[PDB]
Number of protein chains: 2
Amino acid sequence: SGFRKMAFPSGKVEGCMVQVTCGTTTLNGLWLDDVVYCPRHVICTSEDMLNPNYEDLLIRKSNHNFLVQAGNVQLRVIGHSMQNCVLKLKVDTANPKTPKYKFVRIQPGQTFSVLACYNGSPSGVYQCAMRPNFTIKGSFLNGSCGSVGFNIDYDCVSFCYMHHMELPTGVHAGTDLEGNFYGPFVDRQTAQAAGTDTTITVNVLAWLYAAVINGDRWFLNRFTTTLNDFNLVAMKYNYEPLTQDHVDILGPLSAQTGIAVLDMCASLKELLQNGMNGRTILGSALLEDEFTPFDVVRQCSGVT
Amino acid sequence: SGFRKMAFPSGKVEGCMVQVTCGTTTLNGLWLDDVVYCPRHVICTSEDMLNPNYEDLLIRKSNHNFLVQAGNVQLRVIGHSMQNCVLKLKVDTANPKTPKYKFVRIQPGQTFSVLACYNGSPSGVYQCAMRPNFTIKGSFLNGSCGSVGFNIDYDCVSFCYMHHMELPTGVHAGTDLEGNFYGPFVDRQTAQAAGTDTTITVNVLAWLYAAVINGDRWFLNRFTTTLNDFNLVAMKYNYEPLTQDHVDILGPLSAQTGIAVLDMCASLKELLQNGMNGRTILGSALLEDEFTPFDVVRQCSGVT
Ligand SMILES: CN(C)c1ccc(N(Cc2ccn[nH]2)C(=O)Cn2nnc3ccccc32)cc1
Ligand SMILES: CN(C)c1ccc(N(Cc2ccn[nH]2)C(=O)Cn2nnc3ccccc32)cc1
């Protein structure tokens with residue numbers, strides 16, 4: 001029993017972290033096979049970030065200008081290319097610690113672990129979700145760029161995020177491992193505001209099921225609702241609309257607990273309208289939305 | 001910017017996890033050098049746990065009864081001994097992945113990361129604190145015993161916890177790596193209730209400093225207090241008494257923010273008396289106490 005904001009074991013990813021320096025800018029790179037992936041803004045100075053022409057800045061850079069260090073040893077760069085907002089540095093040595101991997105582009109509401117790094121060295125690991133406005137609420141300082149987000153299924157690491165920037169509002173933006181930003185963000189220091197940070201309804205319901213499984217049941221009520229009725233309430237509270245796909249995805253948790261999805265929706269509707277009244281659920285005084293239904297099943301079943 | 005419940009990178013510890021089976025009981029062991037450490041209740045059946053005589057149960061066990069598997073390969077057990085509530089299985093092979101390590105016995109209020117394991121395989125990593133009643137609020141299922149808690153300072157892993165049991169109340173108890181339980185708990189399935197789970201005052205203040213550093217400042221007020229006045233309020237709310245040692249430990253955060261420790265105590269006193277009024281601090285609607293002052297500085301400075 002017990003329910004925690006759990007991150008994937010980071011070992012497979014730590015073995016891929018390297019330091020990339022170009023000129024006076026140092027950030028993190030991801031070394032997989034004989035390629036090192038890093039944010040293309042490694043070629044910029046802080047002045048360049050206001051209005052960078054990446055293609056023009058890249059012309060003044062050669063293979064020997066990209067310094068890649070894995071631990072205390074230098075990697076030889078034998079090629080470089082820009083793919084969207086990432087640079088791919090071909091090195092002469094395949095990473096011997098390369099795990100089985102995939103590059104995936106996640107959808108909002110999906111969760112992943114982040115291995116925060118500085119100078120190619122890991123500092124910490126935490127769990128987060130891709131918000132509905134395509135930002136992440138991470139913990140990143142200057143030098144953290146190139147730190148990655150990932151999921152692990154048994155032995156395969158699915159890389160989904162690479163860190164690029166912090167918006168003036170304190171939230172974070174980045175790309176998938178193909179260099180495409182999540183959302184409308186650009187790697188330019190300009191006025192970029194995030195849209196509404198709505199709550200991931202399907203995740204709140206998943207976490208309510210986790211609470212029931214773990215003994216916190218005070219919020220369970222005598223009511224039911226319909227998807228359309230629940231959705232009117234969800235709209236009022238800036239919660240994402242719940243779809244029949246979401247209901248289907250909650251099926252296994254509904255089967256385990258014996259609590260129909262629409263009954264749990266009615267419990268959630270009451271919590272939204274009446275609040276928690278000074279009470280807590282799984283040690284939180286607010287409705288948690290960074291656990292997917294898959295995460296709840298995984299944590300409550302002990303998948304390694 | 002941003003402040004997250006961050007765990008240490010788990011790689012160094014993943015390389016130490018092994019599976020230990022004795023009879024029909026399988027749990028996790030920690031392989032460091034040529035010794036595998038595991039809970040002594042690996043020798044028990046579920047029936048034995050009601051009233052175990054560990055010394056008597058151990059007499060019926062030989063080296064060949066302890067099956068130790070590291071990944072897919074079997075380790076040869078050439079000696080075994082009981083040290084307090086842990087077994088030390090001497091194996092014929094030193095773990096090649098043994099990091100630099102220390103065994104430390106932590107004090108309540110201190111935090112650490114837990115690498116939850118099943119069948120010698122890591123499933124997740126999360127951060128937690130040793131509660132003032134010597135329990136931990138973890139996420140552990142059956143088979144998780146022998147999973148360990150640790151801190152990492154650059155390259156040295158300080159192991160502080162090994163998981164042994166879940167109390168009937170859903171909280172967790174375990175030992176240091178010398179086999180001594182934290183608190184008064186015993187490895188017996190009996191009526192063991194935990195004492196008052198008081199709030200770690202020094203950690204709440206540390207987290208309030210983290211909030212100020214990260215931009216959440218609404219709770220800062222025009223007041224100050226004294227240690228004795230603050231402590232009267234802390235007693236009323238089941239918060240640990242704040243000592244001059246705690247004030248001293250908060251010195252660096254007080255210096256960074258320019259907010260005197262006693263002024264922050266007055267802000268905390270107001271939050272205790274008046275509540276949050278539906279507001280949040282660092283994404284939480286309650287006062288967080290599982291970040292030490294050291295953790296706040298480490299996260300806000302980017303220590304790898
Ligand atoms: C290449 N250089 C010197 C550089 C310098 C600065 C940035 N920026 C500014 C920026 C680019 C676009 N919009 N905003 C960043 O936001 C990078 N970054 N990422 N997470 C951070 C957390 C704290 C502090 C800085 C952080 C990128 C690149
Ligand atoms: C050796 N065997 C079969 C055994 C079997 C059961 C236990 N116990 C019971 C117990 C011993 C003392 N007080 N309570 C445990 O609490 C072990 N354990 N630890 N975390 C758990 C999380 C969920 C479920 C079980 C969990 C220990 C040992």
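The sequence lines fix the lettering, A, B, ..., with proteins before strands; numbering per chain opens at 1.
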### Heavy-atom pair count under 4.5 Å with chain B, highest-scoring of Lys5(A), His172(A), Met6(A), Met276(A)
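Winner by heavy-atom pair count: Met6(A).
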
### Task
Identify which of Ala285(A), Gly275(A), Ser139(A) forms the greatest number of heavy-atom pairs closer than 4.5 Å to chain B.
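Between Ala285(A), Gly275(A), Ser139(A), the count favours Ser139(A).
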
Take atom [atom1] of [X] as the centre, draw a 6.0 Å sphere, and report whether it contains more than 12 heavy atoms from other residues, nucleotides or ligands.
X: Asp153(A); atom1: CG; answer: no
X: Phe294(A); atom1: CZ; answer: no
X: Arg279(A); atom1: CZ; answer: yes

### Query
Taking the side chain from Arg4(B) and the backbone from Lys137(A), do they hold a donor-acceptor pair closer than 3.5 Å?
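Yes.
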
### Message
Using 0.5 Å steps for rounding, measure from the SG atom of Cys300(A) to the CG atom of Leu141(B).
### Response
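Separation between the atoms: 7.0 Å.
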
### Query
Roughly how far, to the nearest 0.5 Å, is CG of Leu167(A) from OG of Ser1(B)?
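It is 10.0 Å, given to the nearest 0.5 Å.
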
### Taking every non-hydrogen atom, the tightest pair across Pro9(B) and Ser10(A)
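Between these two residues, the closest heavy atoms are CA-OG, 3.4 Å.
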
### Task
Give, as side chain, backbone, both or neither, the part of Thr280(B) having an atom under 4.5 angstrom from any heavy atom of chain A.
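Side chain only.
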
### Message
Is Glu14(B) close to chain A through its backbone or its side chain, or both, or neither, when contacts mean heavy atoms under 4.5 Å?
### Response
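When you check distances to chain A, only side chain atoms of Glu14(B) fall under 4.5 Å.
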
### Message
Which residues in residues 118-134 of chain A have any heavy atom closer than 4.5 Å to a heavy atom of chain B?
### Response
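Those residues of residues 118-134 of chain A which have a heavy atom under 4.5 Å from chain B are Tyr118(A), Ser121(A), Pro122(A), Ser123(A), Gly124(A), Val125(A), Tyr126(A), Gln127(A), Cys128(A).
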
### Query
Is it the backbone or the side chain of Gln299(A) that comes under 4.5 Å from a heavy atom of chain B, or both, or neither?
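Contact with chain B is through both the backbone and side chain of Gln299(A).
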
